[PDB]
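Chemist: Protein chains in written order, with the entry's author numbering: chain 6, 96 to 412, 422 to 459; chain W, 349 to 369; chain 2, 5 to 213, 216 to 239, 242 to 263, 267 to 282, 334 to 507; chain 0, 557 to 752; chain 1, 167 to 240, 245 to 393, 413 to 446, 462 to 517, 536 to 639; chain 4, 21 to 92, 106 to 167, 171 to 328.
Backbone N, C-alpha and C define an ideal beta-carbon position, used for all residues, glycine too.
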Amino acid sequence: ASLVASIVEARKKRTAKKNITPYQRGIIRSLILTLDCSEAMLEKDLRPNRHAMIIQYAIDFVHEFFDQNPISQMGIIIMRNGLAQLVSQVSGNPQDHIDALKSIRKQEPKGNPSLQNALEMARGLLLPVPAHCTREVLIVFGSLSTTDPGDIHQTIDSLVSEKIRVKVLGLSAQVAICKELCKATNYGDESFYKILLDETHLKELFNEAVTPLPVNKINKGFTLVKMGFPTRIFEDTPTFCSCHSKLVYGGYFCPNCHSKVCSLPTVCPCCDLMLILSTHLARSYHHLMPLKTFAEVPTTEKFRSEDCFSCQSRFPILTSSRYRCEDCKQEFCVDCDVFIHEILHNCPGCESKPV
Amino acid sequence: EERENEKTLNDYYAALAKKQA
Amino acid sequence: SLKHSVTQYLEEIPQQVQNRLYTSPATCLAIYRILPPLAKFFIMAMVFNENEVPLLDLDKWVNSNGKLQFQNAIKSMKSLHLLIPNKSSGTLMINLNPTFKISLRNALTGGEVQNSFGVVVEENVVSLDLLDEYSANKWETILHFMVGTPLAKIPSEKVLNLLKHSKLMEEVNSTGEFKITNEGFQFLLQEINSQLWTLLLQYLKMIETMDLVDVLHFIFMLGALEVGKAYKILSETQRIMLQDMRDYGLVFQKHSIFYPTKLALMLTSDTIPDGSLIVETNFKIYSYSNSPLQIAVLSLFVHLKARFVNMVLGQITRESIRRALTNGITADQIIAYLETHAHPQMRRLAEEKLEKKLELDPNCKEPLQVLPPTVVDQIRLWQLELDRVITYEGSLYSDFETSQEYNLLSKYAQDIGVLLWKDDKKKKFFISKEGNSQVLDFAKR
Amino acid sequence: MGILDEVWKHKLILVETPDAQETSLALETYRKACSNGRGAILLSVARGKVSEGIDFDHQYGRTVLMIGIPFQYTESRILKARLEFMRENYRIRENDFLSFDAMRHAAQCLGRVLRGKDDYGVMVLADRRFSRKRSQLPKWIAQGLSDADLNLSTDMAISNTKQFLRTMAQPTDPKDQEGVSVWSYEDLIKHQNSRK
Amino acid sequence: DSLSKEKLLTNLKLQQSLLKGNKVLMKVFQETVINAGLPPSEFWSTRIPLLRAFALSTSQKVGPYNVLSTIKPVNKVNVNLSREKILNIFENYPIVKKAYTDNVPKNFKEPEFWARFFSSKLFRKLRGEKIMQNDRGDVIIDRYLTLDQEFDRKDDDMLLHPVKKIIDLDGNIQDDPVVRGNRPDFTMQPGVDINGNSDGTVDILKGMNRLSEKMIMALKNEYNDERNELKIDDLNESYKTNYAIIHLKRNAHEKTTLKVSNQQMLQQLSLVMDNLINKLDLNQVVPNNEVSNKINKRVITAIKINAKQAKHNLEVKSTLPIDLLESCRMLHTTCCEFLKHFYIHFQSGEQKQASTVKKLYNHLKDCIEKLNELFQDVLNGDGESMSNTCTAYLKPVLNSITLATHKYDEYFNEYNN
Amino acid sequence: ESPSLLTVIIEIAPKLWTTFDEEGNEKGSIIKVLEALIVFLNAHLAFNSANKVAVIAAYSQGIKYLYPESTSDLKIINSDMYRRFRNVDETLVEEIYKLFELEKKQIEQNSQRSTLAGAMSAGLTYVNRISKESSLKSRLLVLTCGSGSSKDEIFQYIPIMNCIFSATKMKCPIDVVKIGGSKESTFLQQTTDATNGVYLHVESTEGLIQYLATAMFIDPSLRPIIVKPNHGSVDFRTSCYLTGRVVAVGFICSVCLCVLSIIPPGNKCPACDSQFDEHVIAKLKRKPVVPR
Ligand SMILES: [Zn+2]
Ligand SMILES: [Zn+2]
Ligand SMILES: [Zn+2]
Ligand SMILES: [Zn+2]
Ligand SMILES: [Zn+2]
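1) For ligand 3, which residues count as neighbours when the test is a C-beta closer than 5 angstroms to any heavy atom?
2) Write down every uninterrupted run of the alpha helix (DSSP H) in the segment 183-229 of chain 4 whose length is 4 residues or greater and which is fully enclosed by it, in chain order.
3) Does the CB of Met328 (chain 1) have a neighbour CB from chain 0 at under 8 angstroms?
4) Under a three-way DSSP split, which group does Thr326 (chain 6) fall into?
5) Leaving out the 5 sequence neighbours to the left and right, which residues in its chain are closer than 7 angstroms to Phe74 (chain 2) when beta-carbon positions are compared?
6) Quick one: grab the DSSP three-state call for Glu435 (chain 6).
7) Going along the chain, which unbroken runs of the beta strand (DSSP E) with 3 or more residues stay wholly within the segment 351-427 of chain 2?
8) Along the chain, which unbroken stretches of the beta strand (DSSP E) at least 3 residues long are found entirely within the segment 250-321 of chain 4?
9) Report yes if the C-beta of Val28 (chain 4) is less than 7 angstroms from at least one heavy atom of ligand 5; otherwise report no.
10) Buried or exposed: where does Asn248 (chain 1) fall if 16 or more other Cβ atoms within 10 Å of its Cβ makes it buried?
11) Ligand 2 and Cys352 (chain 6): does the residue's C-beta get closer than 7 angstroms to at least one heavy atom of that ligand?
12) Grouping DSSP H, G and I as helix and E and B as strand, with all else coil, what is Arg323 (chain 1)?
13) At which residues does the alpha helix (DSSP H) containing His296 (chain 6) begin and terminate?
14) Looking at the secondary structure, which residues open and close the beta strand (DSSP E) in which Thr619 (chain 0) lies?
15) Taking Cβ to Cβ, would you say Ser257 (chain 4) is nearer than 8 angstroms to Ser22 (chain 4)?
16) Under 8 angstroms Cβ to Cβ from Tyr399 (chain 2), same chain only, skipping five residues before and after it: list those, please.
17) Taking buried to mean at least 16 other C-beta atoms within 10 Å of its own C-beta, is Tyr361 (chain W) buried or exposed?
18) Rounded C-beta distance between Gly286 (chain 4) and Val295 (chain 4)? I'm assuming under 8 angstroms.
19) On the CB-based measure, 16 or more other CB atoms within 10 Å of its CB, does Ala269 (chain 1) come out buried or exposed?
20) Leaving out five residues on either side along the sequence, give the residues of the same chain with a beta carbon under 7 angstroms from the beta carbon of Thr371 (chain 1).
21) In this structure, does DSSP put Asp281 (chain 2) in helix, strand or coil?
22) If you check the beta carbons only, do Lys355 (chain 6) and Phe348 (chain 6) fall under 8 angstroms apart?
23) For a contact defined as C-beta to C-beta under 9 angstroms, what are the partners of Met50 (chain 2) on chain 4?
24) Residues in its own chain within less than 7 angstroms of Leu546 (chain 1) by CB, not counting five upstream and five downstream?
25) Can you tell me the Cα-Cα spacing of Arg671 (chain 0) and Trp564 (chain 0), whole angstroms?
26) Beta-carbon within less than 8 angstroms of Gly245 (chain 6)'s beta-carbon, same chain only, minus the 5 sequence neighbours each way: which residues are those?
27) List the endpoints of the continuous alpha helix (DSSP H) containing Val266 (chain 1).
28) Find the nearest neighbour of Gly121 (chain 6) within the set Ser167 (chain 6), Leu221 (chain 6), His353 (chain 6), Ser267 (chain 6), judged by alpha-carbon distance.
29) From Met216 (chain 2), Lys162 (chain 2), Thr272 (chain 2), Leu482 (chain 2), pick the residue whose C-alpha is nearest to that of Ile452 (chain 2); which is it?
30) Of all the CB atoms in chain 4, is at least one closer than 8 angstroms to the CB of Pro264 (chain 1)?
31) Taking 8 angstroms as the CB-CB limit, is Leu308 (chain 6) close to chain 4?
32) Per the contact definition of three or more C-beta pairs closer than 8 angstroms, is the segment 438-457 of chain 6 in contact with the segment 142-152 of chain 4?
33) If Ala393 (chain 2) and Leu448 (chain 2) are in contact, beta carbons under 8 angstroms, what's the gap, nearest whole angstrom?
34) What do you reckon, are the CB atoms on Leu175 (chain 1) and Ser225 (chain 1) nearer than 8 angstroms?
35) In the segment 95-115 of chain 2, which residues sit with their C-beta less than 7 angstroms from some C-beta in chain 1, listed in chain order?
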């Protein structure tokens, strides 16, 4: 009954994932990572520490977000001891955020939260943000209480007026205020306020939260952006960079002012334009067209092939692990189907199928 | 040290001089 | 130092004998496998364009990160008489050995191989049930003979003479028995192909004509052979040493055909786990390994209790430890066996606490022992209490005139390797009797 | 002795004031506290004014303690005369009635948590003598009560509340209750055809 | 509020404080504003988000909390006196603020002052402790008891207001207030003694309550509906993701600035199958060592240039003296600041900024002459051997400077002429 | 120093080599190509012992798992070869001749599509299969006969980006060998520059094994301590979507990000029909305002 339980849990997951839709999602993103050094995250119920696995899983999320969404920029606000602090603003450089993260790892967490203070200066950080740059904040919380200098509801209505969507990730259980926050922040939706059960589910929440979020018709931002690629020149001399003024052997040229920069994807510092490559736009076409799930055929029918169409391995008999792409009508194994849906972004059976 | 203070307080009265003028 | 010992024996072998060894493609393939990646790259770069290159071109190609290993590769390449570095037109023209070059070329192209791959009969039989089992039987018999338990199938007479004449399993005929030397406990601690290399090194060291290049070439094609097939019975000396290594259990020979077992591939290359032994402060043994060989080799220095299918148990006694120390077994050999039989749980915990203490400090006010010392240092303090003395017997002088003469005569004895002891405070030293005449002659001069 | 002083840092506390004006203002503060999410803790009598019609739901109705059996004070002459009175008339047992009436008051207090099929909570009861009162409990209340839950302690009560909040800290499939607890009109029609 | 770019430019004292905090921003400020003569208004106009970040950092305060419940005195008790805790107590309790404001400068000093404040009855009274009449306290602070009681009645008066109807239990108790039944037991009355005087637990409950409404009014500071809250969405339609889908149309245009036949490919296929089934020769592939020599010539021609590049595949070590090195660094940095302001000027697209473009172009021409005389000075003081390094190093920024001059000149001739 | 998973991408197309040998005189050059491939794989398995070799090629209408053999004897080569090498080469040439029997069967079946995207897809699936089994260094080698005029490359460009991302995550360097009348293959040059690979375009089938021996022998154990010999220098830009011209600075539609060198006619996206703000695009069209 182990395979039957695995099949019915995969059915429940498939019922959750039936809504495969090509929604327009948040691409030009601006992120704030609210963190807390409070005394609640000192508890050794988590091994070695709540704050420990916060530090390492935050480093992993920083890497995953800079990979999956390179063109976006993400900031870090730390809550500690009655007043929140800023250690990293929004940047295309992960290195500064990683260095701040390991500085927080070196230091001790202690304090008590002021979520209104964190939201207020997060509001000020997102104040000079363009309209196409979507404003999103991620929230972690290890407690059940927060004292705040003033009322939270004016802050709530003001941030709703600032057109923001926010996910909140609590430690213990659901809190009614954070549920209301995700409700009013996310147009009545309360799927944005989720609580973990263990570290495996916690990491799964991180891997979900790297992904972009679909955007509504009513908050329409249909416009154009003035984009331009830089040109890499493998130069023969140590040469000054525009930003840090240090002598670099090779690098890029600006498409307009011909200045060089250390890294991509970054704006120009001089003529002030976003300079990316085809990789960064190429990173999210599998968001732009998704990959619909593949028809796991039953063992009752006769099959076109009794071995895998892709990895070329023979199919088993009690259950039929022959998973058929509806866009290609070729059955694949469970291993190849899971790997293609998690990594690959084209069906080779659909490459075989002529159109 | 002290040498920044006379610079920025001379500039304090310089900004006031253009404020009245 | 196994490939280093092979290269050292090859460099001891003179230049034209080496060039005779470089004649044939199988020997050149075996030597191609011996040489480092850099020297392998150099000879494959050179083998298809017949241009003698200056050394300065090689210096231009070589990045200085791998410059030391480059120097090691070209020094072995020169000392093996495989390179021809001459400074023709002022710059060092470099040339690979041409016989080696053409034999490697014929091996790569599949050209003239002269059955250096093997004089085939190709009348193959099953190897799993005949060849592997005969090899396991004969190798089991000689392994228990090297343990010391009595067994009916003794080794051959020439390998018995190998153990007698060699310092490896000294067959002390005054006691009438084969005896475990310290060199032979090192032999026991060696890897399987290391043991094979030690056996052939001793056998070639004492065998004389039995032509030397016949021994060389025949062994290199023996390593180059594959498994489970019949082959033609080659030279006469190669045939009688083939029947000799048939008596070693290495080949299954049906008295012209012969069927080389897995051991030819073993000679060519190697191949909570097996052999992972739980150490104990209780000094009790929970081995993750069981064989009659395992009980046979563990009984030499452990009081054992019983055998199960993977866990043969017992107790370390200090009597067993002192038994090992009186067997000529080094405490370093015993502890080296303990790192070969370490266990994953204590290894994980030692790595976690190693990172934890290196986060604090490198010194830690304690002596260094990464594995848990409650099993180890109790034995190792008793192993520090094993030898702990030194004895000088023979000629001894005292009360010199000047310290400079003392240091000069003592330093001279150290240079020629006859000094056994010295003390700067007492201005006295001891030298061996062999070195007495040389030190006296230096003292007069 | 200060345990109130140290538990002050978690939430607020309100107690049933003798003036119901102050009690109403207290309820307003508790409503605003659960609105902003600070939350407060409430104390009132099983025969008090809060116990006779005040509702609590989905953050207000989350868990309710009863400590000991809510008995009427024993040495009331009116109570003893009524006890004798109903025994001579309708043969009503005295101690059985007293237990039943205390369970009636307790069940009335503990019914102020659940409104529809969406609220949830843990129902915690603190006395040794509570175990023999499943018959005096209502049918649906004792239906969710387990026989293993008849004698529990604070540690595994704390544990079971933790696994409760992890359980409904997560969503649920609508199809598991699409026609068995919630009905559509078509589900009602299908049940009607099943009955006939 | 004071959040506009105008107000951020107006806060000159905040600009002074942040400038004094930073160091390289000071050095940039003297070189631009003091040495070159840059107006401050457009110095800080390129730094408006940084000004805003500093303004938010300075302009924030913390949540109120009960100082008293948290702080314990721990025999003279030791105190970790924090001025932040002192002001926490001050704007927590204006009675304590008023007791402070007439005692330090007039009556007694600060340490004897806070010693009396820890000693006082009102300390332990307003602290989470019922006041004991056995305690001597501080007789000077005992005059503040009736003043704080007046504050209690005044705060109760301003706090008291009409109550929301559905929540109000006064409607329940006044639903039938003419009931003449029997009063409840001693259980339901408050805790009093045999004299009828209470223990004061209702009084301390009133005090902690009044602390909670002070928190409510601190939230409720300067800084119908019943139908919706009584409506239940449990049996209603769930929220619909009204997110727009995207569809693609794809037609890539080809680039802007011989054909074999089916018979030809069939016969070549026939020939190559004939050759394949015919023969494969092993050693025919070895090049003739002259065409292989030209192969080696082409390979080493690639290797020489590519490894010469790979020879040059904190910054690099420099032969410049540190004074000249820093001077060219700061001149490069301020000229970059000029050119970024020039892109602000040119990309503005306004006739209003014409005199700004003119005067800044004069400043850039001065920067050009500064660079030329700089290179002349390094030339005559060093024999050009590293002044070549200085000129090649500062070459790309002056190249973009010349690009800006040529753009300004060409556009000037386009619109003027 | 590691069990080095080595796999070669082969793009097989009769249109490509027939264009090659009718443009030039290299009739039967593919025979010298296969012999050089056989010698180079023999050299690779003579270098490492625990290494892996797989061969997969993509014909006109599809792909094939050429090596290893499927999960469901003629001897052109000699018996004087080593047994492992002879077995691999004999399996290879048997699969080649059966594939040529298939090619003769469907010779006038004509495909204007290319299954190269599926070829790199299936190659990377099998590379992940091998690396997931049992710590294995990986290097992938592509082969093209680019003398035939490529019909379209833009539809191939997006799985090129996907496989570049996946292989860059999978630490794999990929080198290009090109044989074509065109000097460059643009996206292949982008692939070599991005994925730490070596671009090369040649014409002659002779000296090919010398070129492989000199350049294609770099292994991931010793890759970063030596210069890649490639000479290309690329910008990773693109032609415009609707006008087909390479653009220095331009526009992309903020919904769909199709590259626009100029103002889109209809004020609307030519890839996802997104209408645009007329005031914003008028501000973009505004030239800088200059003193008179
Ligand atoms: Zn830089
Ligand atoms: Zn620029
Ligand atoms: Zn598969
Ligand atoms: Zn498909
Ligand atoms: Zn579009």
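Modeler: Taking the definition as stated:
1) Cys403 (chain 6), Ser405 (chain 6), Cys406 (chain 6), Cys437 (chain 6), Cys440 (chain 6)
2) 190-205
3) Stepping through the fifth sequence from its first residue, residue 328 (chain 1) is reached at position 158. Output row for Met328 (chain 1): interface = no.
4) The residue labelled residue 326 (chain 6) in the question sits at position 231 within the first sequence. Strand.
5) Translated into the one-based positions of the third sequence, residue 74 (chain 2) becomes position 70. So the qualifying residues of the chain are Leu42, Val66.
6) In the first sequence, the residue the question calls residue 435 (chain 6) occupies position 331. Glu435 (chain 6): strand per DSSP, three-state reduction.
7) 365-369, 374-377
8) 287-289
9) If you number the sixth sequence from 1, residue 28 (chain 4) lands on position 8. Every heavy atom of ligand 5 is 7 angstroms or more from the Cβ of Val28 (chain 4), so no.
10) Along the fifth sequence, read from residue 1 onward, the residue named residue 248 (chain 1) stands at position 78. Burial call: exposed.
11) Here the question's residue 352 (chain 6) lines up with position 257 in the first sequence. Correct: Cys352 (chain 6) has its Cβ closer than 7 angstroms to ligand 2.
12) Sequence index remark: in the fifth sequence, residue 323 (chain 1) carries index 153 (1-based). Looking at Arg323 (chain 1) - three-state DSSP - the assignment turns out to be helix.
13) Here residue 296 (chain 6) refers to the residue found at position 201 when the first sequence is read from its first residue. Per DSSP, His296 (chain 6) belongs to the alpha helix (DSSP H) from 294-305.
14) By 1-based counting over the fourth sequence, the position of residue 619 (chain 0) is 63. Looking at the DSSP string, the run of the beta strand (DSSP E) that includes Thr619 (chain 0) is 619-623.
15) By 1-based counting over the sixth sequence, the position of residue 257 (chain 4) is 221. By 1-based counting over the sixth sequence, the position of residue 22 (chain 4) is 2. Yes, the Cβ-Cβ distance between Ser257 (chain 4) and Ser22 (chain 4) is below 8 angstroms.
16) Stepping through the third sequence from its first residue, residue 399 (chain 2) is reached at position 337. The residues are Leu193.
17) Locating residue 361 (chain W) in the second sequence gives position 13, where the first residue counts as 1. Under this definition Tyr361 (chain W) is an exposed residue.
18) As a working mapping, residue 286 (chain 4) is identified with position 250 in the sixth sequence. As a working mapping, residue 295 (chain 4) is identified with position 259 in the sixth sequence. The pair is a contact, with the Cβ atoms about 6 angstroms apart (cut-off 8 angstroms).
19) Walking along the fifth sequence from the start, residue 269 (chain 1) turns up at place 99. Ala269 (chain 1) comes out buried.
20) Taking the fifth sequence and counting its residues from 1, one reaches residue 371 (chain 1) at position 201. Here the set comprises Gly361.
21) To locate residue 281 (chain 2), count along the third sequence from 1; it is residue 270. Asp281 (chain 2) falls in the coil class under three-state DSSP.
22) Locating residue 355 (chain 6) in the first sequence gives position 260, counting from the first residue. Locating residue 348 (chain 6) in the first sequence gives position 253, counting from the first residue. Yes, the Cβ-Cβ distance between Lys355 (chain 6) and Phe348 (chain 6) is below 8 angstroms.
23) As a first step, residue 50 (chain 2) must be located in the third sequence, where it is residue number 46. Simply none; closest approach about 11 angstroms.
24) As a first step, residue 546 (chain 1) must be located in the fifth sequence, where it is residue number 324. The answer, listed in chain order, is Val600.
25) For this step, residue 671 (chain 0) is matched to residue 115 along the fourth sequence. For this step, residue 564 (chain 0) is matched to residue 8 along the fourth sequence. Approximately 30 angstroms between the Cα atoms of the pair.
26) Locating residue 245 (chain 6) in the first sequence gives position 150, where the first residue counts as 1. Closer than 8 angstroms at Cβ, skipping near neighbours: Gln211.
27) Taking the first residue of the fifth sequence as 1, we reach residue 266 (chain 1) at position 96. Start and end: 264-271.
28) Taking the first residue of the first sequence as 1, we reach residue 121 (chain 6) at position 26. Ranking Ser167 (chain 6), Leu221 (chain 6), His353 (chain 6), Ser267 (chain 6) by Cα distance to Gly121 (chain 6) puts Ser167 (chain 6) first.
29) The sequence position of residue 452 (chain 2) within the third sequence is 390, counting from 1. Out of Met216 (chain 2), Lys162 (chain 2), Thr272 (chain 2), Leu482 (chain 2), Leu482 (chain 2) has the C-alpha closest to the C-alpha of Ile452 (chain 2).
30) Here residue 264 (chain 1) refers to the residue found at position 94 when the fifth sequence is read from its first residue. So, not an interface residue.
31) Position 213 of the first sequence, counted from the first residue, corresponds to residue 308 (chain 6). For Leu308 (chain 6), the answer is no, since every Cβ of chain 4 falls outside 8 angstroms of its Cβ.
32) yes
33) Here residue 393 (chain 2) corresponds to residue number 331 of the third sequence, with the count starting at 1. Here residue 448 (chain 2) corresponds to residue number 386 of the third sequence, with the count starting at 1. That pair is a contact at about 6 angstroms.
34) Working through the fifth sequence from its first residue, we reach residue 175 (chain 1) at position 9. Working through the fifth sequence from its first residue, we reach residue 225 (chain 1) at position 59. Going by C-beta atoms, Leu175 (chain 1) is not nearer than 8 angstroms to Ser225 (chain 1).
35) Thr113, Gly114, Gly115
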